[PDB]
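Colleague:
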Amino acid sequence: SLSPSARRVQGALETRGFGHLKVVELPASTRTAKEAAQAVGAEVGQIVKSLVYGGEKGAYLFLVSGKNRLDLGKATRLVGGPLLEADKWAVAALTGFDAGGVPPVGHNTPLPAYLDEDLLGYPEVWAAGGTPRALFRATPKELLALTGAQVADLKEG
Numbered sequence: 002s003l004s005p006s007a008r009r010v011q012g013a014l015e016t017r018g019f020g021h022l023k024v025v026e027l028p029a030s031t032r033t034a035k036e037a038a039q040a041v042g043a044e045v046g047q048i049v050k051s052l053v054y055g056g057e058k059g060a061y062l063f064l065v066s067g068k069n070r071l072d073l074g075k076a077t078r079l080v081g082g083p084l085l086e087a088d089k090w091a092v093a094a095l096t097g098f099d100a101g102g103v104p105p106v107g108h109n110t111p112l113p114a115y116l117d118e119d120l121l122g123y124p125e126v127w128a129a130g131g132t133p134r135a136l137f138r139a140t141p142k143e144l145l146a147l148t149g150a151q152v153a154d155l156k157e158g
């Protein structure tokens, strides 16, 4: 049985029009992105991290490649100003879920979003579904249509 938080995410996919996609439960010890990757037999680069940063007029969601690291220099240029990495506590609210488990949809407070163009380098990806131990699969395209993010260059070199 999936958790309450995993249940919402799943319901959100269905009301938005992506009911064929599904949330799967992973081992209770699954804490990082590589353990998550091992579990579905995916490369660590296919995992999607939902990073929350706070700007002057609101929060922004950054969906980054598991093998990459967000370049704050680029992050600021896209937004159009300075950003503040959301504190793990602040994440609790702007979202309502756990840090290390933040879902790219099913939110209570919709945020603008950017998506690591390196994710389109794969046929399918795995985004978090509620907790560090939940994930759901989708093609780069579907995640783009689900979230409505702007594909962008975000990685450090």
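Residue numbers (the authors' numbering): 2 to 158.
Every residue gets a Cβ at the ideal spot worked out from N, C-alpha and C, and that includes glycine.
1) On the criterion of 16 or more Cβ atoms from any shown chain inside 10 Å, does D154 qualify as buried, or is it exposed?
2) Who are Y54's beta bridge partners in DSSP?
3) The beta strand (DSSP E) with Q151 in it runs from where to where?
4) Could you name the residues of the same chain whose beta carbon sits closer than 6 Å to that of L22, not counting the 5 residues immediately before and after it, in chain order?
5) Between the stretch 119-128 and the stretch 41-53, are three or more C-beta pairs nearer than 8 Å?
6) For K142, which option in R134, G130, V126, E157 has the closest C-alpha, if you only look at C-alpha atoms?
Modeller: Checking against the coordinates, here is how it stands:
1) Exposed is the call here.
2) Answer by DSSP bridge pairing, in chain order: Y61, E86.
3) First-last of the beta strand (DSSP E) with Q151: 151-153.
4) For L22, where only same-chain residues beyond five positions count, the Cβ hits under 6 Å are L14, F137, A139.
5) The stretch 119-128, when compared against the stretch 41-53, does touch it at the 8 Å Cβ threshold.
6) The shortest C-alpha separation from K142 is found at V126.
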